[PDB]
Amino acid sequence: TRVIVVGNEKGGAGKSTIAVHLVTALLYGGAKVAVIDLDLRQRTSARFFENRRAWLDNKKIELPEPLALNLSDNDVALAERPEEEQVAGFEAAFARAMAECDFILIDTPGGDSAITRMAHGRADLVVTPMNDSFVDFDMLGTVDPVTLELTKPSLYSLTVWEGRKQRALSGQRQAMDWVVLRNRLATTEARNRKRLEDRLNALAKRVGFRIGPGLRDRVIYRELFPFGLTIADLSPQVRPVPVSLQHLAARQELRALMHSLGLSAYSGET
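Letter by letter, the sequence shown follows residues 188 to 457 of our numbering.
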């Protein structure tokens, strides 16, 4: 089983839209995929897959679905419980997922918590969605404005470093991969392209991640969310919103994104 953990420091940058598209790409590639959502307050990924189950049940259409695992009988309430109860629920969900699935996708919220630390410690691949802007890069680390050398890694990056350190000191599993997925922004100014490219490459070198391409924000992802559908699901049998061509560029971005994660051999679409 391979464990993929999606996270970033503040929970933004389309993180849950990327997580649920990674899950459906691996389901259409024929894998069994578990999904564990550690954002106990907002549950964006868990709700997505509850919407998918409800929409498919109502339409009597069959599409692949992941094994969605909750950490307790009420994960919204679990958000306010002691961390030792949150860790217990996570360990039971992870044990089920490990017993049952080929990939385990764990979506994490912004911020630091015991369960987010534990998930990044167990990752084989950490995926960190990041918008292409100077303010966003500070969630990986601050750099000297002249030399672009790291002056302080973020708490997020320190957590990934600690997972890598422990994975080295144990030597029972393979090195963990870490990819930052850079989402292009429609507002990025051309005068900043060279400075943004240089800053993210300076961070990759000193923080130790590799860069892949992310997903541009598009209204279609928001329109599809309440149905639990991804761009990979759209077909002549599944078209829950007015037909448009608004999914073609998104489908190309998703192929490039999955290729950068090492997962092209395992990805499919409807």
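A virtual CB, placed ideally from N, CA and C, is assigned to each residue, including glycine.
- CA-to-CA, the gap between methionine 305 and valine 222 works out to about 16 Å.
- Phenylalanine 277 places its beta carbon 8 Å or farther from that of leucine 250.
- Within the DSSP bridge table, the entry for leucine 256 names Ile223 as partners.
- Between the segment 336 to 353 and the segment 390 to 400, the count of C-beta pairs closer than 8 Å reaches three or more; the two stretches touch.
- Inclusion of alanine 212 and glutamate 456 in the CB contact set at 8 Å is warranted, their separation being smaller than that value.
- For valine 330, the beta-bridge partners assigned by DSSP are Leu337.
- Annotation for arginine 371: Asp319 and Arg403 place their beta carbon closer than 6 Å to its own, counting only its chain and skipping 5 residues before and after.
- The segment 305 to 316 and the segment 239 to 247 do not touch, with fewer than 3 CB-CB distances between them shorter than 8 Å.
- Taking a contact to require three or more Cβ pairs closer than 8 Å, the segment 283 to 300 and the segment 355 to 370 do not qualify as touching.
- Burial of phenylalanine 235 is indicated by the presence of at least 16 other C-beta atoms within 10 angstroms of its C-beta.
- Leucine 450 and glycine 401 do not touch by the CB rule: their CB atoms are close to 14 Å apart, not below 8 Å.
- Along the length of the segment 373 to 436, whole beta strand (DSSP E) runs at least 3 residues long occupy 397 to 400, reported in chain order.
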